[PDB]
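Heads up, the thing below is written out as structure tokens.
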Amino acid sequence: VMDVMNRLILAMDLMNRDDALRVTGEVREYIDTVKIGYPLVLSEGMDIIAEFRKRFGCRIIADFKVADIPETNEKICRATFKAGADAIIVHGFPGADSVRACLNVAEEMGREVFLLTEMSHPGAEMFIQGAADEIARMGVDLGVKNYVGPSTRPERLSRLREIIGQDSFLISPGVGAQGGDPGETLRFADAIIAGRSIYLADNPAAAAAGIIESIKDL
Amino acid sequence: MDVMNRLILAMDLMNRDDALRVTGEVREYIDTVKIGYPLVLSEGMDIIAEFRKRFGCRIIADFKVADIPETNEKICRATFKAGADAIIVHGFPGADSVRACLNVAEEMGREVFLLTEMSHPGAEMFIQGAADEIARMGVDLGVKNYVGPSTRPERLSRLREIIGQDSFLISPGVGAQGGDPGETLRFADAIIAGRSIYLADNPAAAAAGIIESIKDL
Ligand SMILES: O=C1CC(=O)N([C@@H]2O[C@H](COP(=O)(O)O)[C@@H](O)[C@H]2O)C(=O)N1
Ligand SMILES: O=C1CC(=O)N([C@@H]2O[C@H](COP(=O)(O)O)[C@@H](O)[C@H]2O)C(=O)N1
């Protein structure tokens, strides 16, 4: 599994190139794994992945929550890995064939797929939560090794960890701004994801250091 | 919206030159183009403005938005800043995530299309069972534009029943995936066609053929 420094992943959702680069560089000594999503990619282009690789020694997780039909999913994954992303996050709710399409591309291109099971926001309770356990089980059956689960629902994150087993890799967003606790989340997740609590802080470096200090014993 | 010939081109080619050439070859038949991540992630968001500059076409950004509210807002803003007239959003993530998109769309003078049930086999696993409820949610939220599957006419018909005749419904899965143009238009206002057009030996003749088959519609 990827070795995430300090078990902390930066969710870089700033939409300005200059700000995104500044903040990421300021926390570089604390984080070596950055999650880049569509807010930044659709604002600055896929070349932003290339720029991050060039400027920082950071792994890149493309949080694109791939959720299309198999044929389109394959194209999205190909373009994303071609750009330099180490891994891509895919939704499981669209079904097994859609996930398999991503796994196949990742396999042939030498990259990784992260399967998003349950989400952290309130709306996730409407449809996603009820299908989450099965989505996770489907991932295990498909050979998925990396997963994404909600920090905002400890009980659910715990169950997801059980389903995927201790050997699987699990990252969890919702820490900070959404209310998730770093320490509690790390009881089940291999790494936590933090966005606003870091990039909107007056001193992003101090914010990252603070999070790490609170989980030093872990 | 008034979609020429009730036919929307799904431009999923991943090369700027080919995407532009093919779209130009069928411009006389279509005035509405659906641009998704295959093209955008390969050529950049600037491709949207280029389409509006070269063609007199509406642009539907098929990004199947499926994040938390906060992120959905940012995605919609970036998408509309690029010139997209509408954006397609997943309903599965819940009402708050859809509302986030509706807010930005209202702010920038754009439309939100709610994707209920999908057209591929995998849609039967989780999406299909929640589709009717997702459509009802759209109705409760005031959504007026929807996306339903050409591959399952009975399901597409049910979606139409839920949203009513006033709502606008577009449907993918025609051609390559097996959907029939004419049958799909019994329920959808417009059909979406990708590969059956852009991968055909003669894209223009392909588009012309589809239109000829639905001439009476
Ligand atoms: O269930 C999920 C999945 C996910 O990826 N995310 C993402 O994780 C990040 C959370 O950022 P923040 O720490 O709340 O600012 C954002 O990039 C979200 O899009 C989430 O918040 N919940
Ligand atoms: O249920 C759905 C939703 C959707 O947008 N699409 C999209 O519609 C297009 C269908 O293209 P094609 O005609 O099968 O080549 C693609 O861009 C898909 O990503 C789909 O096929 N099924």
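Letters go in sequence order (proteins before strands), and every chain restarts at 1.
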Legend entry - B:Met11 side chain reached by B:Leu13 side chain, heavy atoms, under 4.5 Å: yes
Inset, instruction - Would you give the length of the straight line joining atom NE2 of B:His120 to atom CG of A:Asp97, rounded to the nearest 0.5 angstrom? - result: 4.5 Å
Legend entry - Any donor-acceptor N/O pair, A:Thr24 side chain to A:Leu21 backbone, under 3.5 Å: no
Legend entry - Heavy-atom side-chain contact between A:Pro150 and A:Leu160 under 4.5 Å: yes
Inset, instruction - Output the distance between atom CG (A:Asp68) and atom CG (B:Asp12), rounded to the nearest 0.5 Å. - result: 8.0 Å
Legend entry - With B:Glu133 via salt bridge (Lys or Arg N to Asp or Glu O under 4.0 Å) - residues at least two apart: none
Legend entry - Pairwise side-chain contact, B:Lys64 with B:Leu115, heavy-atom cut-off 4.5 Å (strictly under): yes
Legend entry - Verdict with supporting geometry, A:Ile135 and A:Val99, side chain to side chain contact (heavy atoms under 4.5 Å, CB included): CA-CA 10 Å; A:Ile135 288 174; A:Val99 175; over 6 Å; no
Inset, instruction - With sequence neighbours excluded, tell me which residues meet ring-ring contact (aromatic ring centres under 6.0 Å, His included) with A:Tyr38. - result: A:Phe64, B:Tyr37
Legend entry - Closest heavy-atom pair and its distance - B:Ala105, B:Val112: CB-CG2, 3.6 Å
Inset, instruction - Mark yes or no for whether B:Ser171, through its side chain, and B:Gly148, through its backbone, hold a donor-acceptor pair below 3.5 Å. - result: yes
Legend entry - Nearest heavy atoms of B:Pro38 and B:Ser42, plus distance in Å: O-OG, 2.8 Å
Legend entry - B:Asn145: side-chain hydrogen bond (donor to acceptor under 3.5 Å, both in side chains) partners, not counting sequence neighbours: B:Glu111
Inset, instruction - Grab the two heavy atoms, one from B:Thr79 and one from B:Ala61, that are nearest each other, plus how far apart they are. - result: CG2-CB, 3.4 Å
Legend entry - side chain to side chain contact (heavy atoms under 4.5 Å, CB included) between B:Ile68 and A:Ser120, worked out: CA-CA 8 Å; B:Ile68 65 173; A:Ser120 67; 4.1 Å; yes
Inset, instruction - Report the distance from atom CE of B:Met137 to atom CG of B:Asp132, rounding to the nearest 0.5 Å. - result: 12.5 Å
Legend entry - Enclosure of A:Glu107 CD (heavy-atom neighbours >12, cutoff 6.0 Å): no
Legend entry - Side chain proximity check, A:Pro173 to A:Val148, heavy atoms < 4.5 angstrom: yes
Legend entry - Point-to-point distance, once rounded to the nearest 0.5 Å, from CG of A:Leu170 to CZ of A:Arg161: 5.0 Å
Inset, instruction - Check whether any side-chain heavy atom of B:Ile8 sits under 4.5 Å from a side-chain heavy atom of B:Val33, and report yes or no. - result: no
Legend entry - Listed partners of B:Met108 passing side chain to side chain contact (heavy atoms under 4.5 Å, CB included), at least two apart: B:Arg77, B:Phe80, B:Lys81, B:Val104, B:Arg110
Legend entry - Any donor-acceptor pair under 3.5 Å from A:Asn104 side chain to A:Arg100 backbone: yes
Inset, instruction - Could you check if a side-chain atom of B:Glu117 sits within less than 4.5 angstrom of a side-chain atom of B:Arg158, using non-hydrogen atoms only? - result: no
Legend entry - B:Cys57 SG to B:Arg27 CZ distance, which is reported to the nearest 0.5 Å: 9.0 Å
Legend entry - Which residues share a side chain to side chain contact (heavy atoms under 4.5 Å, CB included) with B:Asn15, sequence neighbours left out: B:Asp17, B:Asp18
Legend entry - B:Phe51 to B:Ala19 - nearest heavy-atom pair and separation: CZ-O, 4.1 Å
Inset, instruction - Might you point out which heavy atoms bring B:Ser150 and B:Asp180 nearest each other, and give the distance in Å? - result: OG-N, 3.9 Å
Legend entry - salt bridge (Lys or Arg N to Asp or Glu O under 4.0 Å) partners of A:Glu44, counting only residues at least two apart: A:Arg17
Legend entry - Nearest-0.5 Å distance that lies between atom OG1 in A:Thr185 and atom CZ in A:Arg153: 12.5 Å
Legend entry - Partners passing ring-ring contact (aromatic ring centres under 6.0 Å, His included) against B:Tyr146 (at least two apart in sequence or in another chain): none
Inset, instruction - Considering non-hydrogen atoms only, spot the tightest contact between A:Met119 and A:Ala124 and give its length. - result: O-CB, 3.3 Å
Legend entry - Any donor-acceptor pair under 3.5 Å from B:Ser157 side chain to B:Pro153 backbone: no
Inset, instruction - Just jot down the salt bridge (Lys or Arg N to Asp or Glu O under 4.0 Å) partners of A:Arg59, sequence neighbours excluded, or say none. - result: A:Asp32
Legend entry - A:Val27/A:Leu8 under side chain to side chain contact (heavy atoms under 4.5 Å, CB included): CA gap, chis, key distance, verdict: CA-CA 11 Å; A:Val27 302; A:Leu8 179 61; over 6 Å; no
Legend entry - A:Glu71 side chain reached by B:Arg195 side chain, heavy atoms, under 4.5 Å: yes
Inset, instruction - Assess whether salt bridge (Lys or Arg N to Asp or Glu O under 4.0 Å) is satisfied between A:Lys54 and A:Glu51, documenting all intermediate values. - result: CA-CA 5 Å; A:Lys54 178 182 179 180; A:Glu51 186 161 52; over 6 Å; no
Legend entry - Residues that B:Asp46 engages under salt bridge (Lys or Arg N to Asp or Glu O under 4.0 Å), provided they are two or more places apart: none
Inset, instruction - Could you check A:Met2 against A:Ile61 for side chain to side chain contact (heavy atoms under 4.5 Å, CB included), going step by step and ending with a plain yes or no? - result: CA-CA 11 Å; A:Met2 55 171 69; A:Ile61 297 175; 4.2 Å; yes
Legend entry - Non-neighbouring partners of B:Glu28 that pass side chain to side chain contact (heavy atoms under 4.5 Å, CB included), sequence neighbours left out: none
Inset, instruction - Taking the side chain as every heavy atom from C-beta outward, state whether B:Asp85 and B:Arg52 have any atom pair closer than 4.5 Å. - result: yes
Legend entry - B:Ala208: side chain to side chain contact (heavy atoms under 4.5 Å, CB included) partners, not counting sequence neighbours: B:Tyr29
Inset, instruction - Among B:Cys101, B:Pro93, B:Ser97, find the one that has a side chain to side chain contact (heavy atoms under 4.5 Å, CB included) with B:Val65. - result: B:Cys101
Legend entry - Proximity of B:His90 and B:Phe92 rings by center, below 6.0 Å: no
Inset, instruction - Sequence neighbours left out, what passes ring-ring contact (aromatic ring centres under 6.0 Å, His included) with B:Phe168? Give chain and number order. - result: none
